[PDB]
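This report concerns only the one structure given below.
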Amino acid sequence: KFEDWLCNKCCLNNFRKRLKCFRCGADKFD
Ligand SMILES: [Zn+2]
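Residue numbering for the sequence shown follows the numbering used here, beginning at 153 and increasing consecutively.
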């Protein structure tokens, strides 16, 4: 994990700096 997270809806990875999943739009914290 090089400073990133995975969405809890589409399972897509995203930068730690990000705020919400750019694919489904939903936040990593729902
Ligand atoms: Zn997502």
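Yeah, the Cβ is synthetic: ideal placement off N, Cα and C, and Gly gets one too.
Near residue i, which residues of its chain fall below 8 Å by C-beta distance, leaving aside the five closest residues on each side in sequence?
| i | result |
| --- | --- |
| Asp179 | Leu171, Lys172 and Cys173 |
| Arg168 | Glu155, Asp156 and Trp157 |
When DSSP labels each residue in this structure, what does residue i get in the three-state scheme?
| i | result |
| --- | --- |
| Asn160 | coil |
| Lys172 | strand |
| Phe167 | strand |
So, at 6 Å on beta carbons, what are the nonlocal neighbours of residue i in its own chain, with the 5 sequence-adjacent residues on each side left out?
| i | result |
| --- | --- |
| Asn165 | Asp156 and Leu158 |
Which same chain residues, not among the five before or five after residue i, have their C-beta less than 7 Å away from its C-beta?
| i | result |
| --- | --- |
| residue 105 | Past the boundaries of the shown model lies residue 105; the chain is included only from 153 to 182, so the question cannot be answered. |
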